[PDB]
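Novice: Take a look at this one; I'll ask things after.
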Amino acid sequence: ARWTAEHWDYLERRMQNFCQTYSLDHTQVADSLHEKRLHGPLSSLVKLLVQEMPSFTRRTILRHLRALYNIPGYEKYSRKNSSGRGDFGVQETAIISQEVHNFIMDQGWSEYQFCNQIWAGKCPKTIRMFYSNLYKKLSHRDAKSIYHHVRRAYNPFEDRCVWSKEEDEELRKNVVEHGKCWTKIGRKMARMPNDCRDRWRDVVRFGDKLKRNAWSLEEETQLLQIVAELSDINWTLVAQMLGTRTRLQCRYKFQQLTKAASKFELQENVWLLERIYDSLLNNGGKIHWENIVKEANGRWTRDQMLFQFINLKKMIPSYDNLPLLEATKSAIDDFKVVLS
DNA sequence: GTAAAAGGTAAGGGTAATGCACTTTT
DNA sequence: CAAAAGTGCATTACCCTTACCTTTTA
């Protein structure tokens with residue numbers, strides 16, 4: 001499910017055996033991993049890893065592999081032993097797994113019994129004491145972080161990514177029936193309460209109004225209007241008001257629209273409006289951006305030009321006087337006069 | 001008794017992993 | 001040509017943190 005301490009130990013061991021097999025050094029392997037395409041035994045080795053580690057893609061296995069020998073750029077995929085915040089280091093999870101295994105062997109519990117007692121509404125004194133000692137052995141990290149981690153990692157629910165159409169529906173009806181009560185709902189569906197929230201907030205809440213296609217000009221414009229009415233930005237509320245895109249989709253689209261672009265001057269605005277006006281005339285009453293992006297070639301991305309067009313429509317008085325076609329032609333002509 | 005510390009639950013938040021359409025390489 | 005594999009882009013799987021309660025501990 002996730003890259004744990006075991007997965008790193010497997011990689012390192014498989015790599016040590018690789019070197020011994022072909023009489024190679026770790027420096028020689030690191031040199032091969034600087035190249036884009038792999039060859040020979042190293043190519044055969046990765047193929048094995050992909051098969052031996054089905055929980056991960058070849059792309060992500062390579063990212064970890066290249067990180068293991070250190071290849072610049074792959075630092076973020078490198079092994080982490082400990083941290084005070086965010087993701088748990090491989091040594092932290094190892095300590096937890098050791099403490100849980102010790103606590104479970106004591107008192108004679110199964111790991112299933114352990115998970116149920118953790119999630120038994122109000123945990124008993126033995127569980128409360130288990131937490132206390134665990135916090136001391138991870139004193140660097142906030143005790144609440146460890147508390148949330150353990151619950152998520154040790155649960156009685158069936159953890160899986162596949163939600164069916166019916167299960168999605170059953171969730172909906174539960175929310176209609178009981179409200180935003182994910183613990184009550186979660187137990188009814190044998191699902192981790194947080195997973196129920198996520199399924200609802202990011203998928204099922206939207207119903208059939210959710211879109212996967214490319215954003216429309218109207219959709220992108222609406223997105224800009226709602227961010228103007230508002231940390232600073234609550235993407236969950238943003239998606240709710242837009243109604244056709246998830247919070248992460250909105251968060252992503254907004255970032256692309258507002259990315260750092262080259263300063264649009266008078267001449268730059270003219271070229272854009274002229275390239276748009278060509279698409280308005282030659283093509284149907286629509287804007288084909290495929291040709292516009294290509295002619296820009298690196299200076300602006302699609303979303304950046306769209307962002308600029310939105311602001312031009314809002315600021316140029318011609319767009320309040322005339323329809324899109326004529327207003328654009330008027331906007332260009334007015335832009336050409338001031339250039340004198 | 002008290003106040004401090006910690007559990008329980010839901011809102012808020014964010015990135016590595018991945019799918020996809022694509023080019024590139026064997 | 002098929003097939004294996006790399007890659008930018010948008011989405012997904014999956015996780016963590018904060019806020020605000022109630023409950024337990026000292």
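Each chain in the structure tokens gets a letter, A, B and so on, in the order shown; residues start at 1 in every chain, and ligands are counted from 1 in the order they appear.
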Please produce, as CSV, a per-residue contact table for chain A versus chain B (criterion: any atom at most 8 Å away, only C-alpha atoms (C1' of nucleotides) considered), showing the nearest atom pair and its distance in Å to one decimal, sorted by chain then residue number.

Specialist:
```
residue,atom,partner,partner_atom,distance
A:56,CA,B:17,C1',7.9
A:57,CA,B:18,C1',7.8
A:60,CA,B:17,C1',7.2
A:121,CA,B:8,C1',7.4
A:122,CA,B:8,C1',7.6
A:181,CA,B:10,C1',7.9
A:182,CA,B:10,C1',7.9
A:183,CA,B:9,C1',7.7
```

Novice: Enumerate as a list in words the residues belonging to chain C that approach chain A to within 12 Å, with only C-alpha atoms (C1' of nucleotides) taken into account.

Specialist: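 Here is what falls inside 12 Å: residues 4, 5, 6, 7, 9, 10, 11, 12, 13, 14, 15, 16, 17, 18, 22, 23, 24 and 25 of chain C.
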
Novice: Can I get the selection written as a compact mmCIF listing (two decimals), in the first residue's frame, with C-alpha atoms (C1' of nucleotides)?

Specialist:
```
# COMPACT_ATOMS: atom_id res chain seq x y z
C1' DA C 4 8.79 -2.26 -24.04
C1' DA C 5 9.59 2.02 -21.80
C1' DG C 6 10.16 6.95 -20.77
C1' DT C 7 7.42 11.53 -19.77
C1' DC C 9 -0.03 16.55 -17.35
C1' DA C 10 -4.27 16.21 -14.72
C1' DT C 11 -6.41 13.15 -11.40
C1' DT C 12 -6.51 9.90 -7.71
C1' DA C 13 -5.25 7.28 -3.45
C1' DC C 14 -4.01 8.15 0.69
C1' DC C 15 -2.56 10.49 4.48
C1' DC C 16 -1.90 14.23 8.05
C1' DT C 17 -3.32 18.67 10.97
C1' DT C 18 -6.49 21.77 13.26
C1' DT C 22 -15.96 15.50 26.19
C1' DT C 23 -13.35 12.68 29.39
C1' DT C 24 -9.53 11.40 32.24
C1' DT C 25 -5.66 12.40 34.99
```

Novice: So that I can check the surroundings of residue A:30, please list as a count of residues only every protein, DNA and RNA residue that reaches within 8 Å of it, counting only C-alpha atoms (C1' of nucleotides) and ignoring chain neighbours fewer than 3 positions away.

Specialist: 8

Novice: Using only C-alpha atoms (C1' of nucleotides), which protein or nucleic acid residues come within 12 Å of residue A:244? Drop anything in the same chain fewer than 5 positions from it, and give the result as a list in words.

Specialist: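 Selected residues are residues 202, 203, 204, 205, 206, 207, 208, 209, 210, 211, 212, 213, 214, 215, 216, 218, 219, 220, 222, 223, 238, 239, 249 and 250 of chain A.
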
Novice: What is the distance, in Å and to one decimal place, between atom CA of residue A:90 and atom CA of residue A:4?

Specialist: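 Separation between atom CA of residue A:90 and atom CA of residue A:4: 5.9 Å.
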
Novice: Write out as a compact mmCIF listing (two decimals) with N, CA, C and O atoms, in the first residue's frame each polymer residue whose atoms come within 8 Å of stretch 270-282 of chain A, counting only C-alpha atoms (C1' of nucleotides); drop sequence neighbours fewer than 5 positions from it.

Specialist:
```
# COMPACT_ATOMS: atom_id res chain seq x y z
N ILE A 287 -12.93 29.41 -29.75
CA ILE A 287 -11.50 29.63 -29.69
C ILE A 287 -10.72 28.32 -29.61
O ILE A 287 -10.73 27.65 -28.58
N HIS A 288 -10.04 27.97 -30.70
CA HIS A 288 -9.16 26.82 -30.71
C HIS A 288 -7.77 27.21 -30.21
O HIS A 288 -7.02 27.88 -30.91
N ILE A 292 -2.80 28.57 -30.78
CA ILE A 292 -2.34 29.75 -30.05
C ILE A 292 -1.17 29.40 -29.14
O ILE A 292 -0.17 30.11 -29.09
N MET A 305 -2.67 32.04 -20.78
CA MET A 305 -3.25 32.87 -21.82
C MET A 305 -4.74 33.04 -21.58
O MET A 305 -5.29 34.12 -21.79
N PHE A 309 -6.81 36.44 -21.04
CA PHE A 309 -7.99 36.75 -21.84
C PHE A 309 -9.18 37.12 -20.96
O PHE A 309 -9.95 38.02 -21.29
N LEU A 325 -17.25 38.66 -30.77
CA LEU A 325 -16.55 38.81 -32.05
C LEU A 325 -16.15 40.26 -32.30
O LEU A 325 -14.96 40.57 -32.41
N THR A 328 -13.84 41.99 -29.72
CA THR A 328 -12.44 41.61 -29.88
C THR A 328 -11.79 42.43 -30.98
O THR A 328 -10.69 42.95 -30.81
N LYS A 329 -12.48 42.56 -32.11
CA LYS A 329 -11.99 43.39 -33.21
C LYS A 329 -11.85 44.84 -32.78
O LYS A 329 -10.92 45.54 -33.18
N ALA A 331 -11.38 45.79 -29.63
CA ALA A 331 -10.33 45.80 -28.62
C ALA A 331 -8.96 45.91 -29.27
O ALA A 331 -8.09 46.63 -28.78
N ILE A 332 -8.78 45.19 -30.38
CA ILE A 332 -7.52 45.22 -31.11
C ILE A 332 -7.27 46.60 -31.71
O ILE A 332 -6.18 47.15 -31.59
N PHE A 335 -6.35 49.12 -29.18
CA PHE A 335 -5.00 48.85 -28.71
C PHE A 335 -3.95 49.38 -29.68
O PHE A 335 -2.85 49.75 -29.27
N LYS A 336 -4.30 49.42 -30.96
CA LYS A 336 -3.36 49.83 -31.99
C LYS A 336 -3.23 51.36 -32.05
O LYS A 336 -2.20 51.89 -32.47
```

Novice: With DSSP run on the backbone, what are the helix (DSSP H, G or I) residues within stretch 69-303 of chain A? I'd like them as a PyMOL selection string.

Specialist: chain A and resi 75-77+90-108+111-118+125-136+143-153+165-178+182-188+193-202+204-206+217-227+235-242+247-257+266-281+289-296+302-303

Novice: Tell me, in Å to one decimal, how far atom CA of residue A:62 is from atom CA of residue A:9.

Specialist: 15.3 Å
